[PDB]
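Asks: first chunk of the complex, coordinates as they sit in the assembly:
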Amino acid sequence: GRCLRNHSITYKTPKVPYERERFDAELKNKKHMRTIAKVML
Amino acid sequence: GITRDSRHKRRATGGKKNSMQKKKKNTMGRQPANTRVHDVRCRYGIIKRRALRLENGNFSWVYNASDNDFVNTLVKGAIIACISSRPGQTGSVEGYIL
Amino acid sequence: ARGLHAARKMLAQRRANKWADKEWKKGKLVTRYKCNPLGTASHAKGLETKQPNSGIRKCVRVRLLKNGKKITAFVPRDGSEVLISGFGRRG
């Protein structure tokens, strides 16, 4: 390890870079519990 | 000098061990001062009475089982009576009449 | 083998068959330290086309500081110690 202080990522870029059905829907900039529900169901 | 660790011996299969460190003081060995009385500062500060040579001896009521060559070194179990103390460690010869 | 106690063969079988892998083997045997001009490094400081395409590719020959081997290097753009870093395809 390198540091005692924790850190996290607050987003994840999509797998497919260019898809029209996503460019329109998403359009300042373009910058969990479902599975938690899943595991108990 | 003399070490007593098993880092230089082989394995039960005959393998040669490979060095990963150097000699450490906790494996100290010492030159056997044959009792044909000094003191040695052992670990933890205790003292060992190293009897270099000695002739008198307490006993209670010609042959060495280990090495015939020793026949006049004084060691435990030697016949002279049979010595029962460790003269090289305790610093005196204590034996019993056969 | 499929039985419950035959974990020795399938472990052994897989180890043998991995060596057939061109990509996997290249990363384990000793050529990335003696045959790769770049070694394992990214960049390296140093000092006519195929049939259906005609023209001339301007290129350069470079002797590496560390290894000393001579390699052919392209020039990036139109009309274009040197740092060389591979191409699109790896190796």
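Replies: Great, that's in hand. Numbers count the residues shown, from 1 in each chain, chains lettered A, B, ... in the order given.
Asks: residue ranges for the strands of chain C, please.
Replies: C:44-46, C:59-63, C:70-74, C:82-84 (DSSP state E).
Asks: Mean neighbour count, these: which tops it?
Replies: strand C:44-46 (a mean of 19; mean count of other C-beta atoms under 10 Å in any protein chain shown). In short, each C-beta sits where N, CA and C put it, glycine included.
Asks: got the contact list for that strand?
Replies: Strand C:44-46 is contacted by residues C:37-38, C:62-66, C:71, C:81-85 when judged by C-beta atoms under 8 Å, 6 or more residues apart in numbering or on different chains.
Asks: Let me know the closest of these to residue B:26.
Replies: Nearest to residue B:26 among those is residue C:66, at 45.6 Å by C-beta to C-beta.
Asks: In chain A, which residue is most central in space?
Replies: Centroid-nearest residue in chain A: residue A:12, 3.4 Å away (criterion: C-alpha atoms, centre = their mean).
Asks: sec struct for that one, please.
Replies: Three-state assignment for residue A:12 (DSSP: H, G, I helix; E, B strand; the rest coil): coil.
Asks: As chain D, please add this:
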Amino acid sequence: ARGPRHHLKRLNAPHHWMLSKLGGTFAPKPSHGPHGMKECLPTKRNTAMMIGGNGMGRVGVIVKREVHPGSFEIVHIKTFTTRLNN
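Replies: Adding chain D to what we have so far:
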């Protein structure tokens, strides 16, 4: 180590001392005495008291005491189980 250790690290300190992980690089080393390093402090962890394992902080009365000559012996308390030393 050439000799007995003197310093103590914050992380290596016992859990129940409740020391934070960012307060300071070191933690106070308990001196030798009547209580051990991990059994002292320089249910959140006859009728008896649990000082050891998972039952630490629990009070109650013993029902029976299985004994195994091999390794240890077990105490059952009104019910939870734990070794004698706890």
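Asks: quick one on the thing from earlier: pull up the gap between the residue nearest to the centre of chain A and residue A:32, please.
Replies: Going from residue A:12 to residue A:32 by C-beta to C-beta, to the nearest Å gives 11 Å.
Asks: now swap in residue B:40 and tell me
Replies: If you go by C-beta to C-beta, the gap between residue B:40 and residue A:32 works out to 71 Å.
Asks: ok, the residue nearest to the centre of chain A to residue A:34 distance?
Replies: Using C-beta to C-beta, residue A:12 is found at 14 Å from residue A:34.
Asks: ok, which stretches of chain B are strands?
Replies: Here chain B has its strands, by DSSP E, at B:38-41, B:47-50, B:58-60, B:82-83, B:94-96.
Asks: so can I have a markdown table of those strands showing distance to residue B:7 and mean neighbour count?
Replies: Converted to a markdown table, these look like this (distance: least, C-beta to C-beta, whole Å; neighbours: other C-beta atoms under 10 Å in any protein chain shown):
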| stretch | distance to residue B:7 | mean neighbour count |
| --- | --- | --- |
| strand B:38-41 | 24 | 11 |
| strand B:47-50 | 25 | 14 |
| strand B:58-60 | 41 | 11 |
| strand B:82-83 | 34 | 18 |
| strand B:94-96 | 37 | 16 |
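Asks: RNA strand E should go on the structure too:
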RNA sequence: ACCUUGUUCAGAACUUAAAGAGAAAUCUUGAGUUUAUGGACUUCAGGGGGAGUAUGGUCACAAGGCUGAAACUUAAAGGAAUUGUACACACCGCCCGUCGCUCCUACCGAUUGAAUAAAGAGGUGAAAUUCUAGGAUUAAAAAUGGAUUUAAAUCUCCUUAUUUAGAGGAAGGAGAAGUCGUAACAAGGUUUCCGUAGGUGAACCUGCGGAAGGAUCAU
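Replies: Let me put RNA strand E in with the others:
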């Protein structure tokens, strides 16, 4: 007994399939019961070349067999189908091998080819210690001598990795239009291919024996 019928096994096959499987050709006594994925076990394969080549090991009298890489090179190579077809610019097609010309890569290497860095046995051996002798000095105790122990450092043969090497070389690979032939794809004009042996500028040719992936499922 031999022939004609039934019944139940073992064996070599064959016919049909609207079914099952497959990329299809086809398979059906499996190539079925496989994404609805697991009956038991052994062996082999991982794009095409370089290559069954180099090195090393081993077997044979030898030819050779068995085990067997890497460097480097390249976007395809290949399968089954839309009388045979490797053709689709469609035979005025495609394609093979030697040679000629540049460049690159590994291999060998008369030049006792070396050279360097790391591992065991034998010889020399510092120093410090254990013991011993000595006791200048003021029982203690320093120089010093001697014998053990532990042994650095060095020399001699031998065991792993990294490097320099020219006659002497010998292979492979890449680059539109360079030579000689017609080897292969149609019966490719001598059907083709495999093993082996011999000959030959080159594809290759011929002998012995197989195979159809044959141009014959057939008298």
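Asks: The residue nearest to the centre of chain A: what's it in contact with?
Replies: Under the criterion of C-beta under 8 Å, 6+ apart, residue A:12 has no neighbours.
Asks: Does whatever residue of chain D ends up closest to RNA strand E belong to a helix, a strand or coil?
Replies: Of all residues in chain D, residue D:2 sits closest to RNA strand E, at 20.5 Å by C-beta to the nearest atom of the strand. Put simply, residue D:2 is coil when judged by three-state DSSP.
Asks: Measure how buried it is and give me the count.
Replies: Other residues within reach of residue D:2 by the criterion other C-beta atoms under 10 Å in any protein chain shown amount to 4.
Asks: What's the separation between the residue nearest to the centre of chain A and residue A:31?
Replies: Residue A:12 sits 11 Å away from residue A:31, going by C-beta to C-beta.
Asks: Can you name the residues of chain C sitting close to RNA strand E?
Replies: C:1-3, C:6, C:9, C:13, C:17, C:20-22, C:25-26, C:29-31, C:34-37, C:48, C:50-51, C:54, C:69-70, C:91 (C-beta under 7 Å from any atom of the strand).
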